[PDB]
Amino acid sequence: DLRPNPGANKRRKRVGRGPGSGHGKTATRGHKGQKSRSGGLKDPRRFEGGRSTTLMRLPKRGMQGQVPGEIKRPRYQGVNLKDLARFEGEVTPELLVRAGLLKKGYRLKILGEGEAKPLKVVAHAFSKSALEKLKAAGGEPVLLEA
Amino acid sequence: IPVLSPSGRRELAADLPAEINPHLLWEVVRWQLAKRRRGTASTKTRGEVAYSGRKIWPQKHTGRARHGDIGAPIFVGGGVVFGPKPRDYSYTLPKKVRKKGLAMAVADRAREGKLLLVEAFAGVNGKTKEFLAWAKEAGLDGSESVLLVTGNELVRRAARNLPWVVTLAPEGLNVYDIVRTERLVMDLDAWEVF
Amino acid sequence: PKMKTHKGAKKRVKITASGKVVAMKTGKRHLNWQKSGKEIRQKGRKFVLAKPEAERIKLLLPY
Amino acid sequence: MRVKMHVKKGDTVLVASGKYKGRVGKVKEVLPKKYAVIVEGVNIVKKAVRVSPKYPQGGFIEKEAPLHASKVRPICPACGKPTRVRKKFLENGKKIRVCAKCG
RNA sequence: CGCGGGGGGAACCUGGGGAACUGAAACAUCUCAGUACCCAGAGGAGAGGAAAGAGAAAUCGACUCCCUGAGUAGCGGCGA
RNA sequence: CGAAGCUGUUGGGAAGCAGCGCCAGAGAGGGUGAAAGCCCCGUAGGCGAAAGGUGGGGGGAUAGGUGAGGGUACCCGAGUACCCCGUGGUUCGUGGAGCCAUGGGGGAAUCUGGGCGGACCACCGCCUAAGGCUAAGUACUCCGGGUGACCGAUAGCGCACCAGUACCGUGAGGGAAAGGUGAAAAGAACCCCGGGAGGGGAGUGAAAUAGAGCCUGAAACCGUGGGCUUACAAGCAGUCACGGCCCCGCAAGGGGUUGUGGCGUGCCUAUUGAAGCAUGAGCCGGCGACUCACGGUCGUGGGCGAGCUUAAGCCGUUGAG
RNA sequence: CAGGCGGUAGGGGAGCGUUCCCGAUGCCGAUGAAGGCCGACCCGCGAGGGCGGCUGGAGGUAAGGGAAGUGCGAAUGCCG
């Protein structure tokens with residue numbers, strides 16, 4: 001196009017606001033009976049309630065609050081067969097994931113649903129579904145080791 | 001394009017079975033173009049703002065006016081509001097649109113006729129009226145307004161003041177003026193970027 | 001300034017992938033009874049049928 | 001304001017972008033740029049005393065600051081200031097020209 | 001006798017002394033803070049710096065400035 | 001060094017138009033008697049720095065520094081680490097609380113030695129303090145410069161007119177209003193009223209409703225002069241009905257303003273509740289208050305879409321990327 | 001054509017003026033822009049907008065969309 005009435009594809013609106021006037025809703029606020037407003041405003045998150053805010057509960061998860069850190073066990077994860085059914089070449093735990101989808105892993109656990117093309121995909125921990133899908137129906141690897 | 005060596009060209013590769021989405025074209029283009037403008041706006045108030053003389057007259061009574069903090073809620077230069085503030089909000093994006101945009105435009109500007117040369121000789125790639133010999137012997141003249149890219153520093157100290165056109169060097173994006181204009185030329189299909 | 005999720009709440013509760021507010025009620029932990037004969041058991045973990053789906057928000061940065 | 005204008009008396013000549021005619025300029029100073037070369041129509045209606053020419057008022061004057069000037073061109077078009085590599089008295093000694101170094 | 005050095009300089013350095021209000025919709029533990037201020041030597045840099053480290057890896061490799069890690073790990077009427 | 005024409009005609013004045021000439025790695029701007037590239041300073045570009053001197057890089061580079069393998073065999077940073085309590089910090093309010101300084105006493109060792117992987121013994125792994133130096137890559141700003149979706153001087157820096165001055169204060173210190181003739185003062189000569197003042201003709205003058213509390217100059221306020229109006233009278237005061245009186249429209253009617261009369265409880269708050277002797281409003285001008293940062297949420301035009309986005313940097317950037 | 005129609009808060013729809021952007025090496029303008037006194041014509045439902053005279057004496061900004069210290073009777077507000 002050019003410089004002609006570029007009116008921003010239909011719905012555009014800057015939807016600002018304003019101080020006030022004498023045309024309608026404008027120049028009011030809205031409330032009073034409930035005393036909100038503060039030069040240094042409440043916040044305003046959910047601090048209200050003034051009733052233990054349904055927080056008369058208790059901490060159950062005991063997997064935190066120590067001092068240095070938490071538990072540390074190399075990327076524990078999984079997988080499905082329908083996500084890469086695509087091609088193969090070799091289906092290497094880095095050919096894929098190291099390049100593409102999913103992050104790190106010392107322990108790759110295989111699984112899912114589907115029923116695609118199986119063949120010697122390297123793994124560090126399998127699921128039995130794969131086992132029967134590759135017991136005269138496909139090929140498999142070994143595991144970590146170091 | 002020429003007559004000296006070749007005589008023929010043209011292409012709509014990019015993606016011709018589409019090239020029809022003006023909607024998004026509008027929105028984004030406009031936004032970045034703004035950005036740049038050195039935004040260094042001031043602010044005055046907060047608590048003290050240049051340590052104020054330290055309060056004044058009492059209250060209950062005072063000089064008739066329940067109020068007495070030299071925050072200065074009246075002086076023309078005292079305790080107001082933070083409209084500006086240095087950060088003039090710096091937002092931007094990638095080539096996802098750098099390409100797509102220049103495409104439909106020029107492609108449509110080709111539905112009007114643009115030109116493309118890619119590489120040539122105008123003369124002593126320096127003098128104003130040398131390239132003039134390339135204005136009336138090329139075809140172009142006062143009206144439609146044109147733009148062109150050539151990365152040789154020769155053309156740089158040559159095009160100097162470009163009344164009617166652009167004159168570029170590296171890799172910018174001045175569709176701006178071209179939007180309100182037309183005519184063009186490029187530096188190799190390579191420079192447009194593969 | 002960046003807003004930091006409440007570890008407290010995160011130190012206890014869980015949201016079921018689809019916006020739900022559930023955790024283990026309040027009564028059977030230790031069992032303030034003593035006598036020993038009925039009740040002791042009978043309980044699990046529910047949600048909050050009104051405003052909790054609003055609370056979840058302050059925990060959408062850690063999950 | 002950069003303290004930088006033009007020549008002096010010697011010869012000089014006015015133009016006619018406000019008055020008319022021409023003359024050998026009289027006393028062009030420097031500071032605010034100003035100067036008055038005999039011509040133009042001016043005179044102050046000063047106080048009537050004996051110290052002055054007697055009657056109140058005065059006489060001669062001009063006034064201006066930026067451009068609006070010219071030099072010596074009886075027949076030829078109009079140039080400005082020439083050059084050299086090894087010519088006249090040492091290498092300098094100019095005074096406006098027709099076509100050479102002097103005229 | 002020699003140089004110092006007192007003394008001055010707008011922020012910005014380092015360090016040494018170093019509060020309270022306001023929050024928690026009371027308040028004493030926590031907050032603002034090691035902020036504000038006061039003192040001190042200092043240089044355009046200062047200050048900091050060459051490993052008696054990190055931290056789990058058959059590892060990295062002076063100290064400093066930004067980027068993220070994570071606002072997670074955790075401190076905590078683990079409440080704010 | 002700096003680039004590159006005028007001329008005529010109306011026009012106060014030409015930077016007004018036209019018929020055509022022009023330089024241009026220099027058509028950034030600033031200005032000259034009315035909205036100029038070619039007209040004063042400049043603007044791309046490059047000459048260049050000193051004698052004075054003076055701040056520093058590359059170059060060169062001087063005193064100051066730089067081999068190894070094996071057997072003998074003693075020596076290497078203390079009231080120090082290591083205990084403890086009283087610990088500050090570290091995210092760490094003692095908590096299972098390790099590591100640095102330790103304040104207080106106790107108190108070793110020297111390489112088959114000595115600190116640590118957050119208590120303590122058993123395997124493993126990195127370092128050698130108790131002497132100290134050490135630039136860069138970093139912070140900051142009066143002021144130099146640019147530029148500012150910086151403001152245009154009741155803004156703004158507190159103040160651009162001599163203010164940190166008037167003034168106040170005991171001190172400490174507190175702290176002010178006040179920009180603007182014109183293009184050029186070219187600034188009123190002279191005579192008449194006359195105390196100097198202030199006036200008037202007249203003059204310089206495009207304009208003195210341009211003249212010195214001088215740009216253009218409104219509002220609260222101030223009447224000379226003008227028209228409609230008033231002494232039988234009950235009034236939030238304006239209204240509308242008709243009608244009347246002086247203005248323009250040939251006309252049809254358009255004004256102004258009231259005569260009688262029907263009509264007439266105002267307002268901004270506050271609130272089961274108002275017209276309101278329950279608040280506030282001396283009056284006009286001007287100044288006056290929910291933006292923004294970053295973060296979060298749910299919508300929206302949207303691109304791509306199992307894919308979808310890159311932080312700070314290195315180059316490039318008048319400017320862009 | 002049935003319909004609807006006071007409506008404080010409130011939450012929806014549009015628009016209205018008003019200062020800085022680019023369109024501005026574009027265009028109106030001393031055969032007046034900005035300001036202002038007058039209007040009892042032309043459009044807006046209004047928000048406002050035009051247009052014409054007169055005073056007034058150097059700048060202004062299309063359509064357009066881009067930003068928003070703005071939409072000001074007062075607050076014994078602040079100033080003159």
# chains A, B, ... in the order shown; residues from 1 in each chain; ligands from 1
call {"tool": "select_by_dssp", "arguments": {"residues": "chain C", "states": "alpha helix (DSSP H)", "output": "list in words"}}
result
residues 7, 8, 9, 10, 52, 53, 54 and 55 of chain C
call {"tool": "write_last_selection", "arguments": {"atoms": "N, CA, C and O atoms", "output": "PDB file, in the first residue's frame"}}
result
ATOM      1  N   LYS C   7       6.207 -19.188  47.954  1.00  0.00           N
ATOM      2  CA  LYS C   7       6.780 -20.485  48.278  1.00  0.00           C
ATOM      3  C   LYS C   7       5.906 -21.156  49.333  1.00  0.00           C
ATOM      4  O   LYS C   7       5.618 -22.335  49.219  1.00  0.00           O
ATOM      5  N   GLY C   8       5.462 -20.401  50.335  1.00  0.00           N
ATOM      6  CA  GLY C   8       4.576 -20.959  51.351  1.00  0.00           C
ATOM      7  C   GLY C   8       3.508 -21.865  50.750  1.00  0.00           C
ATOM      8  O   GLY C   8       3.485 -23.082  51.008  1.00  0.00           O
ATOM      9  N   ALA C   9       2.631 -21.280  49.935  1.00  0.00           N
ATOM     10  CA  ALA C   9       1.582 -22.048  49.274  1.00  0.00           C
ATOM     11  C   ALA C   9       2.168 -23.191  48.438  1.00  0.00           C
ATOM     12  O   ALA C   9       1.656 -24.310  48.473  1.00  0.00           O
ATOM     13  N   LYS C  10       3.246 -22.904  47.705  1.00  0.00           N
ATOM     14  CA  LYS C  10       3.931 -23.902  46.868  1.00  0.00           C
ATOM     15  C   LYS C  10       4.567 -25.008  47.725  1.00  0.00           C
ATOM     16  O   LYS C  10       4.776 -26.133  47.262  1.00  0.00           O
ATOM     17  N   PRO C  52     -10.702 -20.110  44.874  1.00  0.00           N
ATOM     18  CA  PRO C  52      -9.347 -20.654  44.830  1.00  0.00           C
ATOM     19  C   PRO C  52      -8.759 -20.604  43.435  1.00  0.00           C
ATOM     20  O   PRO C  52      -7.558 -20.387  43.284  1.00  0.00           O
ATOM     21  N   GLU C  53      -9.611 -20.812  42.428  1.00  0.00           N
ATOM     22  CA  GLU C  53      -9.190 -20.760  41.032  1.00  0.00           C
ATOM     23  C   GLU C  53      -8.593 -19.381  40.728  1.00  0.00           C
ATOM     24  O   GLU C  53      -7.923 -19.199  39.707  1.00  0.00           O
ATOM     25  N   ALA C  54      -8.839 -18.423  41.627  1.00  0.00           N
ATOM     26  CA  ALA C  54      -8.236 -17.100  41.540  1.00  0.00           C
ATOM     27  C   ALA C  54      -6.874 -17.115  42.245  1.00  0.00           C
ATOM     28  O   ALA C  54      -5.922 -16.473  41.787  1.00  0.00           O
ATOM     29  N   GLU C  55      -6.782 -17.860  43.351  1.00  0.00           N
ATOM     30  CA  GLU C  55      -5.533 -17.964  44.113  1.00  0.00           C
ATOM     31  C   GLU C  55      -4.407 -18.566  43.279  1.00  0.00           C
ATOM     32  O   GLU C  55      -3.290 -18.053  43.264  1.00  0.00           O
TER      33      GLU C  55
END
call {"tool": "residues_around", "arguments": {"residues": "residue 27 in chain G", "least_positions_apart": "4", "cutoff": "12 Å", "atoms": "only C-alpha atoms (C1' of nucleotides)", "output": "number ranges by chain"}}
result
F: 35; G: 23, 60-62
call {"tool": "write_last_selection", "arguments": {"atoms": "C-alpha atoms (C1' of nucleotides)", "output": "PDB file, in the first residue's frame"}}
result
ATOM      1  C1'   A F  35       7.114  31.897   4.004  1.00  0.00           C
TER       2        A F  35
ATOM      3  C1'   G G  23       3.485  12.622   5.409  1.00  0.00           C
ATOM      4  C1'   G G  60       1.819  27.208  10.577  1.00  0.00           C
ATOM      5  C1'   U G  61       0.355  22.193   9.545  1.00  0.00           C
ATOM      6  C1'   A G  62      -3.748  17.763   4.855  1.00  0.00           C
TER       7        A G  62
END
call {"tool": "closest_atom_pairs", "arguments": {"of": "chain B", "to": "chain A", "cutoff": "9 Å", "atoms": "only C-alpha atoms", "output": "JSON lines"}}
result
{"residue": "B:22", "atom": "CA", "partner": "A:9", "partner_atom": "CA", "distance": 7.6}
{"residue": "B:23", "atom": "CA", "partner": "A:9", "partner_atom": "CA", "distance": 4.5}
{"residue": "B:24", "atom": "CA", "partner": "A:9", "partner_atom": "CA", "distance": 7.0}
{"residue": "B:25", "atom": "CA", "partner": "A:9", "partner_atom": "CA", "distance": 8.7}
{"residue": "B:26", "atom": "CA", "partner": "A:8", "partner_atom": "CA", "distance": 5.7}
{"residue": "B:27", "atom": "CA", "partner": "A:8", "partner_atom": "CA", "distance": 5.5}
{"residue": "B:104", "atom": "CA", "partner": "A:1", "partner_atom": "CA", "distance": 8.9}
{"residue": "B:105", "atom": "CA", "partner": "A:1", "partner_atom": "CA", "distance": 6.4}
{"residue": "B:108", "atom": "CA", "partner": "A:1", "partner_atom": "CA", "distance": 7.7}
{"residue": "B:109", "atom": "CA", "partner": "A:1", "partner_atom": "CA", "distance": 8.2}
{"residue": "B:176", "atom": "CA", "partner": "A:2", "partner_atom": "CA", "distance": 8.5}
{"residue": "B:177", "atom": "CA", "partner": "A:2", "partner_atom": "CA", "distance": 8.7}
{"residue": "B:178", "atom": "CA", "partner": "A:2", "partner_atom": "CA", "distance": 7.7}
{"residue": "B:179", "atom": "CA", "partner": "A:2", "partner_atom": "CA", "distance": 4.0}
{"residue": "B:180", "atom": "CA", "partner": "A:2", "partner_atom": "CA", "distance": 4.7}
{"residue": "B:181", "atom": "CA", "partner": "A:2", "partner_atom": "CA", "distance": 7.3}
call {"tool": "residues_around", "arguments": {"residues": "range 8-22 of chain D", "least_positions_apart": "2", "cutoff": "7 Å", "atoms": "only C-alpha atoms (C1' of nucleotides)", "output": "ChimeraX atom specification"}}
result
/D:6,24-26,28,40,68-71
call {"tool": "atom_distance", "arguments": {"atom1": "CA of residue 106 in chain B", "atom2": "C1' of residue 304 in chain F"}}
result
22.2 Å
call {"tool": "closest_atom_pairs", "arguments": {"of": "chain C", "to": "chain F", "cutoff": "9 Å", "atoms": "only C-alpha atoms (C1' of nucleotides)", "output": "CSV"}}
result
residue,atom,partner,partner_atom,distance
C:1,CA,F:295,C1',6.3
C:2,CA,F:295,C1',3.9
C:3,CA,F:295,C1',5.3
C:4,CA,F:295,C1',8.7
C:57,CA,F:297,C1',7.3
C:58,CA,F:296,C1',8.2
call {"tool": "residues_around", "arguments": {"residues": "residue 128 in chain A", "least_positions_apart": "2", "cutoff": "12 Å", "atoms": "only C-alpha atoms (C1' of nucleotides)", "output": "VMD selection string"}}
result
chain A and resid 109 to 113 125 to 126 130 to 135 140
call {"tool": "write_last_selection", "arguments": {"atoms": "N, CA and C atoms", "output": "PDB file, in the first residue's frame"}}
result
ATOM      1  N   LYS A 109      13.722 -42.715  29.495  1.00  0.00           N
ATOM      2  CA  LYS A 109      12.746 -43.791  29.602  1.00  0.00           C
ATOM      3  C   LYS A 109      11.765 -43.732  28.437  1.00  0.00           C
ATOM      4  N   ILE A 110      11.676 -44.812  27.664  1.00  0.00           N
ATOM      5  CA  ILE A 110      10.807 -44.818  26.480  1.00  0.00           C
ATOM      6  C   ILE A 110       9.373 -45.334  26.760  1.00  0.00           C
ATOM      7  N   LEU A 111       8.392 -44.879  25.964  1.00  0.00           N
ATOM      8  CA  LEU A 111       6.981 -45.286  26.113  1.00  0.00           C
ATOM      9  C   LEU A 111       6.018 -44.571  25.139  1.00  0.00           C
ATOM     10  N   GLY A 112       4.821 -44.241  25.634  1.00  0.00           N
ATOM     11  CA  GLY A 112       3.809 -43.528  24.855  1.00  0.00           C
ATOM     12  C   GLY A 112       2.549 -44.334  24.586  1.00  0.00           C
ATOM     13  N   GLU A 113       2.116 -44.317  23.328  1.00  0.00           N
ATOM     14  CA  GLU A 113       0.964 -45.085  22.878  1.00  0.00           C
ATOM     15  C   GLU A 113       1.221 -45.545  21.437  1.00  0.00           C
ATOM     16  N   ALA A 125      16.716 -46.424  29.802  1.00  0.00           N
ATOM     17  CA  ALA A 125      15.687 -47.124  30.586  1.00  0.00           C
ATOM     18  C   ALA A 125      14.391 -47.186  29.755  1.00  0.00           C
ATOM     19  N   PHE A 126      13.921 -48.396  29.450  1.00  0.00           N
ATOM     20  CA  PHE A 126      12.752 -48.575  28.573  1.00  0.00           C
ATOM     21  C   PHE A 126      11.416 -48.835  29.298  1.00  0.00           C
ATOM     22  N   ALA A 130       7.239 -50.914  24.538  1.00  0.00           N
ATOM     23  CA  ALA A 130       8.306 -50.990  23.541  1.00  0.00           C
ATOM     24  C   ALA A 130       8.803 -52.435  23.375  1.00  0.00           C
ATOM     25  N   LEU A 131       8.986 -53.133  24.501  1.00  0.00           N
ATOM     26  CA  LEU A 131       9.467 -54.526  24.528  1.00  0.00           C
ATOM     27  C   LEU A 131       8.721 -55.467  23.565  1.00  0.00           C
ATOM     28  N   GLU A 132       7.388 -55.439  23.610  1.00  0.00           N
ATOM     29  CA  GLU A 132       6.570 -56.296  22.744  1.00  0.00           C
ATOM     30  C   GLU A 132       6.480 -55.692  21.327  1.00  0.00           C
ATOM     31  N   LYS A 133       6.626 -54.364  21.247  1.00  0.00           N
ATOM     32  CA  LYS A 133       6.616 -53.638  19.966  1.00  0.00           C
ATOM     33  C   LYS A 133       7.920 -53.914  19.222  1.00  0.00           C
ATOM     34  N   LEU A 134       8.882 -54.471  19.952  1.00  0.00           N
ATOM     35  CA  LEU A 134      10.208 -54.732  19.419  1.00  0.00           C
ATOM     36  C   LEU A 134      10.772 -56.086  19.899  1.00  0.00           C
ATOM     37  N   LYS A 135       9.880 -57.077  19.945  1.00  0.00           N
ATOM     38  CA  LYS A 135      10.218 -58.477  20.233  1.00  0.00           C
ATOM     39  C   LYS A 135       9.713 -59.240  19.007  1.00  0.00           C
ATOM     40  N   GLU A 140      16.303 -52.763  19.841  1.00  0.00           N
ATOM     41  CA  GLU A 140      16.580 -51.887  20.984  1.00  0.00           C
ATOM     42  C   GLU A 140      18.073 -51.742  21.354  1.00  0.00           C
TER      43      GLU A 140
END
call {"tool": "select_by_dssp", "arguments": {"residues": "chain D", "states": "strand (DSSP E or B)", "output": "list in words"}}
result
residues 13, 27, 28, 35, 36, 64 and 70 of chain D
call {"tool": "interface_residues", "arguments": {"of": "chain F", "to": "chain B", "cutoff": "8 Å", "atoms": "only C-alpha atoms (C1' of nucleotides)", "output": "PyMOL selection string"}}
result
chain F and resi 24-25+27+44+148-150+154-156+174+287-289+291-293+301-303+320-321
call {"tool": "interface_residues", "arguments": {"of": "chain A", "to": "chain E", "cutoff": "9 Å", "atoms": "only C-alpha atoms (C1' of nucleotides)", "output": "list in words"}}
result
residues 64, 65, 66, 67, 68, 69 and 70 of chain A
call {"tool": "residues_around", "arguments": {"residues": "range 76-82 of chain D", "least_positions_apart": "2", "cutoff": "10 Å", "atoms": "only C-alpha atoms (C1' of nucleotides)", "output": "PyMOL selection string"}}
result
chain D and resi 70-74+84+94-102
call {"tool": "atom_distance", "arguments": {"atom1": "CA of residue 185 in chain B", "atom2": "CA of residue 146 in chain B"}}
result
8.8 Å
call {"tool": "interface_residues", "arguments": {"of": "chain A", "to": "chain G", "cutoff": "9 Å", "atoms": "only C-alpha atoms (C1' of nucleotides)", "output": "list in words"}}
result
residues 3, 4, 5, 6, 7, 8, 16, 18, 19, 20, 21, 25, 28, 29, 30, 31 and 32 of chain A
call {"tool": "residues_around", "arguments": {"residues": "residue 14 in chain F", "least_positions_apart": "2", "cutoff": "9 Å", "atoms": "only C-alpha atoms (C1' of nucleotides)", "output": "PyMOL selection string"}}
result
(chain D and resi 17) or (chain F and resi 11+16+34)
call {"tool": "write_last_selection", "arguments": {"atoms": "C-alpha atoms (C1' of nucleotides)", "output": "PDB file, in the first residue's frame"}}
result
ATOM      1  CA  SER D  17      18.938  46.375  -2.332  1.00  0.00           C
TER       2      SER D  17
ATOM      3  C1'   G F  11       5.003  45.566  -3.972  1.00  0.00           C
ATOM      4  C1'   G F  16       6.082  37.291  -5.556  1.00  0.00           C
ATOM      5  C1'   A F  34       7.215  40.397   3.988  1.00  0.00           C
TER       6        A F  34
END
call {"tool": "closest_atom_pairs", "arguments": {"of": "chain F", "to": "chain D", "cutoff": "7 Å", "atoms": "only C-alpha atoms (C1' of nucleotides)", "output": "Markdown table"}}
result
| residue | atom | partner | partner_atom | distance |
| --- | --- | --- | --- | --- |
| F:32 | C1' | D:66 | CA | 5.1 |
| F:39 | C1' | D:67 | CA | 6.6 |
| F:40 | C1' | D:66 | CA | 4.9 |
| F:41 | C1' | D:2 | CA | 6.8 |
| F:186 | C1' | D:44 | CA | 6.6 |
| F:189 | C1' | D:56 | CA | 5.4 |
